[PDB]
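> Please find one structure pasted underneath; my questions will follow.
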Amino acid sequence: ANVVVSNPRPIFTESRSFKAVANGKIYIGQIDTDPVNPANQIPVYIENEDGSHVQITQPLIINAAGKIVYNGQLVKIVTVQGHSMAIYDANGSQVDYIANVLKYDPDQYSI
Amino acid sequence: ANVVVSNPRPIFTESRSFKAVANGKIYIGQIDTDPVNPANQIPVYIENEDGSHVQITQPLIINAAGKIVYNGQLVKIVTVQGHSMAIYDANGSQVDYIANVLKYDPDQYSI
Amino acid sequence: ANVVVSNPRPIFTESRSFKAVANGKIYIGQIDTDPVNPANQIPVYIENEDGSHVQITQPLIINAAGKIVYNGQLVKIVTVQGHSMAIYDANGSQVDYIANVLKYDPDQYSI
Amino acid sequence: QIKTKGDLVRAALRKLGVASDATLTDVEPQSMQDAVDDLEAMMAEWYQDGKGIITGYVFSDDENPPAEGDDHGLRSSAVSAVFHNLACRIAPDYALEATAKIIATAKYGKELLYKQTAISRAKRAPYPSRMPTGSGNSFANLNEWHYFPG
Amino acid sequence: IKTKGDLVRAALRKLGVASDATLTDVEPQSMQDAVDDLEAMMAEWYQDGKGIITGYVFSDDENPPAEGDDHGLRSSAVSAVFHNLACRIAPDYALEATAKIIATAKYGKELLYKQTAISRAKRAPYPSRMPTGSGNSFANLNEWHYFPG
Amino acid sequence: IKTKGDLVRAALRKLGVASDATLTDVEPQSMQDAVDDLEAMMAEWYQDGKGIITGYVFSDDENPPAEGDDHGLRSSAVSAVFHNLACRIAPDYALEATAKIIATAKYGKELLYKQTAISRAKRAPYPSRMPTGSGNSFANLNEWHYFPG
Amino acid sequence: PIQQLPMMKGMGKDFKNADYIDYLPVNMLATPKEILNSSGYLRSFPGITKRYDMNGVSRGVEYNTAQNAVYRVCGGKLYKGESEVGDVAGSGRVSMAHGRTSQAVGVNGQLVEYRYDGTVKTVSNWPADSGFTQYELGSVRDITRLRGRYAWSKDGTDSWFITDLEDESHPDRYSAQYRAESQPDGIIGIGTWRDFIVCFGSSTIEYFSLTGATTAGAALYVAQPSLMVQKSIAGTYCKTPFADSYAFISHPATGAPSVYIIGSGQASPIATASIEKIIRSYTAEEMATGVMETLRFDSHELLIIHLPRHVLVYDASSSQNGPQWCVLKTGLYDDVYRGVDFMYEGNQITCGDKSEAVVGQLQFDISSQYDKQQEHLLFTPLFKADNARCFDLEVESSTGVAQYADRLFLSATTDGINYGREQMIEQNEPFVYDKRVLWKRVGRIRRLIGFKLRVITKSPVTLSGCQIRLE
Amino acid sequence: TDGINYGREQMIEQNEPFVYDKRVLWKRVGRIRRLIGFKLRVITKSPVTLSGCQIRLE
Amino acid sequence: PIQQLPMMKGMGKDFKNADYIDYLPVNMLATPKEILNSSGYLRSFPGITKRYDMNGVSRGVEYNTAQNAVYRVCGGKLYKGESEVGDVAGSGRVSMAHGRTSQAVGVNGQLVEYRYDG
């Protein structure tokens with residue numbers, strides 16, 4: 001056993017019902033802070049299939065299936081280091097808030 | 001660069017249908033051992049906003065959205081590294097008996 | 001108290017909507033190639049709880065909940081080299097496609 | 001919208017104001033499951049197989065253990081009635097009682113639920129076995145004469 | 001749902017004595033005693049077959065460890081049964097069931113007896129002295145005056 | 001005025017929960033909650049066409065980001081709809097709508113159903129057994145008795 | 001039923017000992033003022049802005065009355081205001097005692113005097129050929145000045161000395177040896193109260209006064225038994241003037257350490273249970289290194305304690321209902337407060353820094369420290385409400401001085417240890433003065449509830465009486 | 001009932017390992033005839049922190 | 001009628017003398033702190049865990065201020081801290097009075113001084 005199949009593109013849903021956030025917004029920021037202040041914000045990149053990292057406009061967009069989308073096509077977003085997330089649904093209410101998260105990418109072990 | 005922005009709170013769905021296991025039970029224990037036995041159970045920690053780790057009873061509860069919910073609301077459960085899993089639905093059946101979660105990492109060449 | 005409790009079992013959902021890929025198909029092909037072609041299909045092993053790797057037929061089957069299934073039982077699919085996952089829905093559509101899931105072929109890189 | 005038996009239960013609790021989203025304390029999912037059980041019992045009491053109130057409800061089953069996730073299947077207009085009902089039913093569970101507005105809305109909703117069925121179940125009974133067809137009907141020439149009920 | 005313990009726990013819930021929403025765990029003595037009260041209430045309702053009938057089964061609590069397990073009650077009657085049980089065990093803890101519980105119990109008892117009342121309506125046969133009219137086959141077959149009873 | 005958000009904000013104002021007169025800004029959770037409640041109330045009123053009709057359009061809240069935007073409501077029914085929405089969402093915040101709001105909601109619902117009730121009055125045609133009098137053209141054209149239904 | 005909730009002291013459990021402990025307000029200063037509908041308003045600690053640079057970290061501060069300027073010893077360099085007025089060795093904390101003819105800093109076990117004309121002289125015995133009495137000076141621990149004499153205590157011994165009147169460098173000519181011998185307690189620290197030379201032993205506190213003797217060899221200072229206090233200071237720097245007396249931390253010899261104030265020859269505690277549990281959480285050596293000092297501004301009369309992992313603050317003017325302690329902190333996590341050695345000079349206060357080699361001046365219109373965000377916490381006490389509902393939760397905030405419309409994270413617990421979801425509410429809006437911080441639909445209190453107000457901002461936060469409509 | 005000798009000993013859970021919101025509640029105490037006095041006896045290896053005793057003397 | 005019951009001090013009779021006596025809390029320490037709906041909470045006494053062994057039963061303790069360490073006389077050895085620093089006779093309780101140049105323990109009717117140099 002060398003590689004196990006696993007789905008990337010993690011799925012985002014609400015906190016009390018199983019329906020997915022539709023056209024919500026994900027904000028990334030420093031540890032234990034308000035990730036809406038551009039002062040508190042942290043850069044997040046797109047990791048394409050070719051591996052070419054590119055910066056993105058900050059407010060992340062969610063399709064109807066709870067997956068980050070940029071320019072229509074689904075994308076994989078990577079941050080530089082630890083971050084705090086505040087997930088907002090379409091209207092502007094926060095789905096949930098978390099101060100510290102960390103999940104290192106399992107890919108690019110060659111690098 | 002080397003951290004993925006992902007679903008921070010895990011989703012526990014059911015094996016036979018695409019629905020969250022409302023009032024489900026997860027037990028966490030030693031590697032390749034039955035975690036229902038209280039002796040086999042390993043410490044399980046909550047990571048609240050203060051950065052503290054307060055340990056809670058092993059039968060962690062699952063709400064109607066698939067997340068892990070304490071007596072009140074959503075929490076960031078934390079274990080050490082080698083946590084086994086056993087989803088039990090409220091009726092008492094079984095959904096998963098993941099023995100070694102560490103052996104589910106998409107890159108097992110690293111280990 | 002290092003890692004966060006998180007469901008490792010993979011759930012596959014449609015890209016443009018929040019539904020499971022009921023009775024869908026996963027084709028696991030070589031690096032940077034279309035897995036639908038029988039030639040571009042690597043051998044995919046199942047890894048049991050005891051750790052008894054066994055080979056199975058390539059066109060994987062997905063139950064109604066999104067989780068991979070064999071003989072009405074959940075299984076973990078592993079491969080001995082890096083692959084290119086290609087998920088197709090039951091009706092027949094390229095719901096998702098990955099050029100290289102892990103971004104480096106472990107087999108060759110092992111040297 | 002409210003598409004799952006749970007969505008119904010959590011939104012009823014919202015109507016009571018217990019755990020209503022944007023709330024600092026939310027109720028345990030055990031109580032959500034138990035209130036789903038209460039909704040199922042109330043609908044079983046209403047439905048009474050053919051005779052009782054017919055809303056189009058679909059009951060839970062063992063192939064779908066999480067009854068909360070199951071689509072209730074109610075009519076689009078019927079969701080408000082079961083919505084505002086089950087709030088009076090859950091009210092004594094938390095020892096809260098239901099506001100007069102909720103009581104009136106639940107009464108109105110149940111009345112609207114049964115209105116269409118009541119109109120559809122008028123069905124004036126046929127003529128009795130002794131009433132004869134008059135000489136006006138040409139079927140009197142066909143020897144039918146007296147009416148035939150049942 | 002499908003056992004006496006579940007019905008009695010639902011009753012204790014509605015009365016407010018013991019529930020997860022209250023962080024109270026049912027007392028085993030309360031369990032046994034309210035199950036006994038449910039048994040008595042079902043016996044009183046059933047009335048040896050002449051009264052309301054629900055499909056309930058009276059275990060025996062002689063050979064089993066305890067009477068409370070399983071019930072043949074129809075799925076539609078569970079709400080009425082556990083509401084009435086909660087109302088009846090209300091004075092045990094000195095509590096009084098809220099007016100909603102009482103109204104629900106009345107509604108449920110009415111609904112449970114509705115079908116039995118419709119079935120029992122029937123109609124008495126004709127009196128022994130009422131004869132057939134001249135327009136009948138039994139007029140030729142010598143039956144005439146209707147069969148008594 | 002011309003969007004669901006405006007209707008729900010007017011309802012919240014009438015409660016006094018969130019308004020500029022009170023210096024409270026509408027909570028987005030409150031926004032979604034009362035918009036969903038308005039959807040449910042309009043569906044219950046519409047009753048799949050047999051009940052009161054106002055011209056309201058049910059978005060779908062499946063493809064759009066949120067159901068609340070735009071409404072086909074007639075200009076005359078806006079007051080009734082947002083007063084009724086306010087009355088229905090009053091117990092959400094544990095408030096009770098003032099008697100003026102209740103009276104206004106009753107008046108508005110009555111005015112909404114007035115025209116539909118006048119339209120539905122109609123009249124049943126003559127019974128199949130009623131004949132036309134000798135003073136008609138259909139008497140010569142063999143029609144005679146009125147057409148059933 | 002609009003019910004008010006105090007925030008001057010938050011309360012909750014302790015997940016290790018399972019004991020109820022006070023959840024102290026963080027970076028807040030309760031001010032007993034009749035505000036609107038409440039008896040007091042919580043005020044954020046003033047921010048810190050860099051006035052100018054310095055060499056090394058701060059090690060001491062003393063307001064030199066003789067020169068009417070502050071002398072601050074940072075790192076390995078002695079500073080007078082902005083200028084550099086001499087070289088000081090060592091790395092640990094240093095105690096100073098300013099004089100009319102010399103500013104001195106007891107460092108490395110020797111009392112070093114920095115004369116005002118530039119020269120530096122160190123205390124040593126009189127020359128052997130001089131003929132005056134020869135002593136055994138030993139190592140200097142703590143110093144003070146009273147009536148033109150420098151009093152220092154030999155390290156590891158209960159003996160203390162006094163310098164000569166004519167030549168301040170050497171000790172007194174004939175009578176310069178004095179002992180705090182009422183108990184076998186070594187002198188941990190020395191100081192001056194009124195006209196008395198205190199001598200903080202390891203188990204007792206003695207007061208010394210001039211006897212006015214004229215004959216050579218007579219003891220100038222005589223013990224005053226009637227003023228003795230049967231407590232002690234934990235470490236060399238666990239003492240400071242406070243409200244016309246010295247507060248301190250009890251030495252472990254007499255029992256568990258606890259903050260005390262000396263009154264009329266008697267020690268009266270001012271530390272609640274939680275404070276002394278926090279103090280007891282430290283080991284002997286760690287708590288010995290702690291330093292405490294007095295800071296006074298506005299109406300508050302603070303008693304700041306610089307413990308290794310905590311910075312406890314006692315607000316004297318806000319102790320109407322009981323002792324009021326607020327835990328100051330720097331950064332988002334539990335780091336220790338950077339500001340140290342506060343002193344009020346000229347117009348505005350100035351404070352040193354524990355980590356960087358800078359000096360900060362307190363600025364009242366901001367809460368940022370060296371242009372960084374800081375965390376302000378406010379906990380409401382646990383209260384038992386069963387099957388009740390709470391909808392309106394309003395806190396009055398003085399809005400407008402902020403830079404951005406900063407928001408506070410409001411969360412509520414149920415067991416008093418771990419908290420629920422963090423709800424984000426706007427608390428200040430830049431240059432709008434009538435915003436209300438209001439949250440509706442709080443929910444149902446099952447058994448208990450406690451609200452934590454967490455504000456992350458660079459501008460002062462002024463929270464007033466908290467009302468909750470427990471309906 | 002007389003303040004010297006006691007009645008039946010009822011066993012109620014007081015702590016639960018690693019659960020922080022349990023309530024020690026007993027219902028159906030009975031009828032106070034003339035006098036009554038409650039004795040709480042705990043046998044444990046962990047700290048016990050008992051707070052204000054509430055009784056609903058109805 | 002929700003009525004509170006104090007527990008800081010219990011009452012009862014005394015079956016020998018027939019007098020009302022205070023039934024005192026056992027292994028509890030009342031703490032006057034404003035807890036929930038009451039003015040104080042009962043707290044169990046802290047437990048005891050063995051730090052290290054010692055010779056014989058304990059007979060006295062004194063916190064020696066001069067040496068900044070505790071001198072404890074157990075059994076027949078004058079333990080300072082953890083290390084034995086002398087031989088003491090007798091078996092009854094003994095009173096100590098620490099000094100700057102000698103630690104002493106009045107035992108067997110004679111004041112014995114254990115000088116700090118041995």
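Here's how to read the names in the structure tokens: chain A, B, ... by the order shown, residue numbers from 1 in each chain, ligand numbers from 1 in the order shown.
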Grab the Cα RMSD for chain C fitted onto chain B, all atoms paired in sequence order, one decimal please.

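Rounded to one decimal, the C-alpha RMSD is 4.1 Å.
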
> Using only C-alpha atoms, what does the table of chain D residues within 9 Å of chain E look like, with each row giving the shortest atom pair and its distance in Å to one decimal, sorted by chain and ascending number, as a tab-separated table?


residue	atom	partner	partner_atom	distance
D:27	CA	E:21	CA	6.9
D:28	CA	E:21	CA	7.1
D:30	CA	E:20	CA	6.9
D:31	CA	E:21	CA	5.9
D:34	CA	E:10	CA	8.4
D:37	CA	E:1	CA	7.7
D:38	CA	E:79	CA	7.7
D:41	CA	E:79	CA	5.4
D:42	CA	E:79	CA	6.2
D:43	CA	E:76	CA	7.9
D:44	CA	E:76	CA	4.4
D:45	CA	E:76	CA	4.3
D:46	CA	E:76	CA	7.5
D:47	CA	E:76	CA	7.5
D:48	CA	E:76	CA	6.1
D:49	CA	E:76	CA	8.4
D:88	CA	E:100	CA	7.0
D:89	CA	E:100	CA	7.2
D:90	CA	E:14	CA	7.9
D:91	CA	E:100	CA	8.2
D:92	CA	E:14	CA	5.9
D:93	CA	E:14	CA	4.5
D:94	CA	E:16	CA	6.8
D:95	CA	E:16	CA	6.5
D:97	CA	E:100	CA	7.5
D:98	CA	E:100	CA	8.6

> Excluding same-chain residues fewer than 6 positions from stretch 4-10 of chain H, what lies within 8 Å of it counting only C-alpha atoms, as a ChimeraX atom specification?

/I:12-15

> Residues of the last selection are to be written out with N, CA and C atoms, as a PDB file, in the first residue's frame.


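Written output follows (result-v1.pdb):
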ATOM      1  N   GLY I  12     -28.616  17.675  65.537  1.00  0.00           N
ATOM      2  CA  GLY I  12     -29.188  16.394  65.902  1.00  0.00           C
ATOM      3  C   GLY I  12     -29.116  16.207  67.399  1.00  0.00           C
ATOM      4  N   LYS I  13     -29.710  15.111  67.854  1.00  0.00           N
ATOM      5  CA  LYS I  13     -29.712  14.788  69.268  1.00  0.00           C
ATOM      6  C   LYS I  13     -28.467  13.981  69.623  1.00  0.00           C
ATOM      7  N   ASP I  14     -28.333  13.660  70.906  1.00  0.00           N
ATOM      8  CA  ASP I  14     -27.238  12.838  71.412  1.00  0.00           C
ATOM      9  C   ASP I  14     -27.868  11.732  72.244  1.00  0.00           C
ATOM     10  N   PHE I  15     -27.785  10.493  71.758  1.00  0.00           N
ATOM     11  CA  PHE I  15     -28.590   9.422  72.333  1.00  0.00           C
ATOM     12  C   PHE I  15     -28.197   9.072  73.762  1.00  0.00           C
TER      13      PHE I  15
END

> Given only C-alpha atoms, how would the per-residue table for stretch 52-86 of chain B near stretch 96-108 of chain A read, listing every residue at most 9 Å away with its closest atom pair and distance in Å to one decimal, sorted by chain and number, as a Markdown table?


| residue | atom | partner | partner_atom | distance |
| --- | --- | --- | --- | --- |
| B:74 | CA | A:96 | CA | 8.6 |
| B:75 | CA | A:98 | CA | 9.0 |
| B:76 | CA | A:98 | CA | 8.3 |

> Export N, CA, C and O atoms of the chosen residues as a CSV table (one decimal), in the first residue's frame?


chain,number,residue,atom,x,y,z
B,74,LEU,N,-21.0,23.2,18.9
B,74,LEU,CA,-19.8,22.7,18.2
B,74,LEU,C,-18.5,22.9,19.0
B,74,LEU,O,-18.3,23.9,19.6
B,75,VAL,N,-17.6,21.9,19.0
B,75,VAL,CA,-16.3,21.9,19.6
B,75,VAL,C,-15.3,21.4,18.7
B,75,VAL,O,-15.6,20.6,17.8
B,76,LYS,N,-14.0,21.7,19.0
B,76,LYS,CA,-12.9,21.2,18.2
B,76,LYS,C,-12.2,20.1,19.0
B,76,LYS,O,-11.3,20.3,19.8

> Could you list, with a cut-off of 10 Å and counting only C-alpha atoms, the residues of chain H near chain E, each shown with its nearest atom pair and the distance in Å rounded to one decimal, rows sorted by chain and ascending number, as JSON lines?


{"residue": "H:12", "atom": "CA", "partner": "E:27", "partner_atom": "CA", "distance": 9.7}
{"residue": "H:21", "atom": "CA", "partner": "E:23", "partner_atom": "CA", "distance": 8.1}
{"residue": "H:22", "atom": "CA", "partner": "E:23", "partner_atom": "CA", "distance": 7.1}
{"residue": "H:23", "atom": "CA", "partner": "E:23", "partner_atom": "CA", "distance": 7.2}
{"residue": "H:24", "atom": "CA", "partner": "E:24", "partner_atom": "CA", "distance": 8.9}
{"residue": "H:25", "atom": "CA", "partner": "E:24", "partner_atom": "CA", "distance": 7.6}
{"residue": "H:26", "atom": "CA", "partner": "E:27", "partner_atom": "CA", "distance": 8.5}
{"residue": "H:27", "atom": "CA", "partner": "E:93", "partner_atom": "CA", "distance": 7.5}
{"residue": "H:28", "atom": "CA", "partner": "E:93", "partner_atom": "CA", "distance": 6.3}
{"residue": "H:29", "atom": "CA", "partner": "E:93", "partner_atom": "CA", "distance": 9.6}
{"residue": "H:30", "atom": "CA", "partner": "E:93", "partner_atom": "CA", "distance": 9.7}
{"residue": "H:58", "atom": "CA", "partner": "E:94", "partner_atom": "CA", "distance": 7.8}

> Chain A residues within 9 Å of chain B, counting only C-alpha atoms: which ones, as a compact mmCIF listing (two decimals) with N, CA, C and O atoms, in the first residue's frame?


# COMPACT_ATOMS: atom_id res chain seq x y z
N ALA A 1 0.83 -1.20 0.00
CA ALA A 1 0.00 0.00 0.00
C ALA A 1 0.86 1.25 0.00
O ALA A 1 1.67 1.46 0.90
N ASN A 2 0.69 2.08 -1.01
CA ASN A 2 1.49 3.29 -1.15
C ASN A 2 0.64 4.55 -1.24
O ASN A 2 1.01 5.58 -0.68
N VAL A 3 -0.49 4.50 -1.94
CA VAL A 3 -1.43 5.61 -2.04
C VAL A 3 -2.83 5.08 -1.82
O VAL A 3 -3.21 4.05 -2.39
N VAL A 4 -3.60 5.77 -0.99
CA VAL A 4 -5.00 5.44 -0.75
C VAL A 4 -5.87 6.51 -1.39
O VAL A 4 -5.57 7.71 -1.30
N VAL A 5 -6.93 6.08 -2.07
CA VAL A 5 -7.82 7.03 -2.72
C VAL A 5 -8.57 7.83 -1.67
O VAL A 5 -9.02 7.30 -0.65
N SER A 6 -8.67 9.14 -1.90
CA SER A 6 -9.36 10.04 -1.00
C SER A 6 -9.79 11.26 -1.79
O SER A 6 -9.06 11.72 -2.66
N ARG A 9 -10.95 18.57 -2.33
CA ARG A 9 -12.06 19.52 -2.41
C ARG A 9 -13.00 19.30 -1.23
O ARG A 9 -14.11 18.78 -1.40
N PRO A 10 -12.58 19.66 -0.02
CA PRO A 10 -13.42 19.41 1.15
C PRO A 10 -14.74 20.15 1.06
O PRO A 10 -14.85 21.21 0.44
N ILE A 11 -15.76 19.57 1.68
CA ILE A 11 -17.14 20.03 1.54
C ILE A 11 -17.54 20.80 2.79
O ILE A 11 -17.23 20.39 3.92
N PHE A 12 -18.20 21.93 2.60
CA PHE A 12 -18.64 22.80 3.68
C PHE A 12 -20.15 22.78 3.79
O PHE A 12 -20.85 22.96 2.78
N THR A 13 -20.66 22.57 5.00
CA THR A 13 -22.08 22.55 5.27
C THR A 13 -22.37 23.47 6.46
O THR A 13 -21.46 24.09 7.02
N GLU A 14 -23.64 23.55 6.84
CA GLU A 14 -24.02 24.40 7.96
C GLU A 14 -23.74 23.68 9.27
O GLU A 14 -23.16 22.59 9.30
N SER A 15 -24.16 24.28 10.38
CA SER A 15 -23.81 23.78 11.70
C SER A 15 -24.92 22.97 12.36
O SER A 15 -24.62 22.11 13.20
N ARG A 16 -26.18 23.22 12.01
CA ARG A 16 -27.30 22.52 12.61
C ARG A 16 -28.12 21.70 11.63
O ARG A 16 -28.87 20.82 12.07
N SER A 17 -28.00 21.95 10.33
CA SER A 17 -28.71 21.19 9.31
C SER A 17 -27.71 20.71 8.27
O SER A 17 -26.66 21.33 8.06
N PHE A 18 -28.04 19.60 7.61
CA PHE A 18 -27.10 18.99 6.68
C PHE A 18 -27.04 19.68 5.32
O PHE A 18 -26.18 19.34 4.52
N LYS A 19 -27.93 20.63 5.05
CA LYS A 19 -27.88 21.33 3.77
C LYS A 19 -26.59 22.15 3.67
O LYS A 19 -26.08 22.67 4.66
N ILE A 28 -10.36 33.97 5.68
CA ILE A 28 -9.20 33.41 6.35
C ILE A 28 -8.47 34.55 7.06
O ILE A 28 -8.43 35.68 6.57
N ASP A 32 -6.85 33.25 16.12
CA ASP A 32 -7.66 33.81 17.19
C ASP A 32 -7.86 35.31 16.99
O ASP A 32 -7.42 36.14 17.78
N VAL A 44 -4.02 33.70 0.80
CA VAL A 44 -4.37 32.33 0.43
C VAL A 44 -4.18 32.17 -1.07
O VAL A 44 -4.49 33.08 -1.85
N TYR A 45 -3.65 31.02 -1.47
CA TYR A 45 -3.25 30.78 -2.85
C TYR A 45 -4.09 29.66 -3.46
O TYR A 45 -4.79 28.92 -2.76
N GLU A 47 -3.66 26.23 -5.67
CA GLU A 47 -2.68 25.21 -6.04
C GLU A 47 -3.28 24.41 -7.19
O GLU A 47 -4.03 23.46 -6.97
N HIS A 53 1.46 27.94 -7.97
CA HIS A 53 0.72 28.69 -6.97
C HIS A 53 0.40 30.09 -7.49
O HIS A 53 1.25 30.75 -8.09
N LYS A 76 -8.49 24.31 -5.50
CA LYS A 76 -7.93 23.92 -4.21
C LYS A 76 -7.14 25.10 -3.65
O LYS A 76 -6.18 25.56 -4.28
N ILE A 77 -7.55 25.58 -2.48
CA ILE A 77 -6.97 26.78 -1.88
C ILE A 77 -6.03 26.35 -0.76
O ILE A 77 -6.37 25.47 0.04
N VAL A 78 -4.85 26.97 -0.71
CA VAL A 78 -3.84 26.66 0.30
C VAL A 78 -3.38 27.96 0.96
O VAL A 78 -3.21 28.97 0.28
N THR A 79 -3.22 27.93 2.28
CA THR A 79 -2.76 29.07 3.06
C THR A 79 -1.27 28.90 3.36
O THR A 79 -0.69 27.83 3.19
N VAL A 80 -0.63 29.99 3.79
CA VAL A 80 0.80 29.94 4.07
C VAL A 80 1.09 29.28 5.42
O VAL A 80 2.11 28.60 5.57
N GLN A 81 0.21 29.43 6.40
CA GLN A 81 0.42 28.86 7.73
C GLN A 81 -0.92 28.79 8.45
O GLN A 81 -1.98 28.91 7.82
N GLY A 82 -0.88 28.57 9.76
CA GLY A 82 -2.10 28.41 10.52
C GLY A 82 -3.00 29.63 10.42
O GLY A 82 -2.54 30.76 10.23
N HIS A 83 -4.30 29.39 10.55
CA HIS A 83 -5.27 30.44 10.27
C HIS A 83 -6.56 30.18 11.04
O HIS A 83 -6.81 29.07 11.53
N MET A 85 -10.81 30.64 10.69
CA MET A 85 -11.84 30.74 9.67
C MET A 85 -13.15 31.23 10.27
O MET A 85 -13.53 30.84 11.38
N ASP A 96 -20.15 29.31 11.24
CA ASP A 96 -19.38 28.95 12.42
C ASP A 96 -18.08 29.75 12.44
O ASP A 96 -17.67 30.32 11.43
N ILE A 98 -14.01 29.50 14.12
CA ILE A 98 -12.98 28.70 14.78
C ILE A 98 -11.69 29.50 14.81
O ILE A 98 -11.33 30.16 13.83
N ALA A 99 -10.99 29.44 15.94
CA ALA A 99 -9.82 30.28 16.18
C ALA A 99 -8.53 29.67 15.64
O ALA A 99 -7.68 30.38 15.09
N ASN A 100 -8.33 28.36 15.82
CA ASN A 100 -7.09 27.72 15.39
C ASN A 100 -7.41 26.43 14.66
O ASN A 100 -8.08 25.55 15.20
N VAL A 101 -6.91 26.31 13.43
CA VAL A 101 -7.00 25.08 12.65
C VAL A 101 -5.67 24.83 11.95
O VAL A 101 -4.91 25.76 11.68
N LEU A 102 -5.40 23.56 11.66
CA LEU A 102 -4.18 23.16 10.96
C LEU A 102 -4.43 21.82 10.28
O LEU A 102 -4.79 20.85 10.95
N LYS A 103 -4.24 21.77 8.97
CA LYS A 103 -4.30 20.50 8.23
C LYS A 103 -3.29 20.60 7.09
O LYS A 103 -3.60 21.13 6.01
N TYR A 104 -2.09 20.09 7.33
CA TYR A 104 -1.04 20.14 6.32
C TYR A 104 -1.44 19.33 5.10
O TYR A 104 -2.08 18.28 5.21
N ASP A 105 -1.06 19.82 3.92
CA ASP A 105 -1.39 19.12 2.69
C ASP A 105 -0.69 17.76 2.64
O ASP A 105 0.50 17.66 3.00
N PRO A 106 -1.38 16.69 2.26
CA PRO A 106 -0.70 15.40 2.08
C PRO A 106 0.05 15.29 0.77
O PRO A 106 0.90 14.40 0.64
N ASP A 107 -0.23 16.17 -0.18
CA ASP A 107 0.41 16.17 -1.48
C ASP A 107 1.77 16.88 -1.42
O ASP A 107 2.16 17.45 -0.41
N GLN A 108 2.48 16.83 -2.55
CA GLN A 108 3.78 17.49 -2.71
C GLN A 108 4.76 17.10 -1.61
O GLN A 108 5.45 17.94 -1.03
N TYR A 109 4.82 15.80 -1.31
CA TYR A 109 5.88 15.33 -0.43
C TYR A 109 7.22 15.27 -1.14
O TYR A 109 8.27 15.34 -0.49

> Name the residues in contact with residue G:292 at a cut-off of 7 Å, using only C-alpha atoms, excluding same-chain residues fewer than 3 positions from it; report them as number ranges by chain.

G: 237-240, 304-306

> Please write the residues from the selection above to a file, keeping C-alpha atoms, as a PDB file, in the first residue's frame.


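Once everything was written out, this is selection01.pdb:
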ATOM      1  CA  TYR G 237      11.361  42.730  45.067  1.00  0.00           C
ATOM      2  CA  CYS G 238       7.945  41.573  46.345  1.00  0.00           C
ATOM      3  CA  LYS G 239       7.344  44.870  48.174  1.00  0.00           C
ATOM      4  CA  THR G 240       6.234  48.368  47.198  1.00  0.00           C
ATOM      5  CA  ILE G 304       0.653  45.768  39.757  1.00  0.00           C
ATOM      6  CA  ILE G 305       2.281  42.390  40.449  1.00  0.00           C
ATOM      7  CA  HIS G 306       4.726  41.046  37.850  1.00  0.00           C
TER       8      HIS G 306
END

> Starting from chain H, keep only residues with some atom at most 7 Å from an atom of chain I, counting only C-alpha atoms, and report them as a PyMOL selection string.

chain H and resi 3-4+47-58

> If you count only C-alpha atoms, which residues fall within 12 Å of stretch 72-74 of chain I, apart from same-chain ones fewer than 2 positions away, as JSON, numbers by chain?

{"I": [53, 54, 55, 56, 57, 58, 59, 60, 61, 62, 63, 64, 69, 70, 76, 77, 78, 79, 80, 81, 82, 83, 84, 85, 86, 87, 88, 89, 90, 91, 92, 93, 94, 95, 96, 97, 98, 103, 104, 105, 106, 107, 114]}

> Report, in Å to a single decimal, how far apart atom CA of residue B:91 and atom CA of residue B:60 are.

15.3 Å

> Atom CA of residue G:451 to atom CA of residue G:395: how many Å, to one decimal?

11.7 Å

> Any idea what's packed within 6 Å of residue G:470, counting only C-alpha atoms, ignoring anything in its chain fewer than 2 positions away? Could you give it as JSON, numbers by chain?

{"G": [1, 389, 390, 468]}
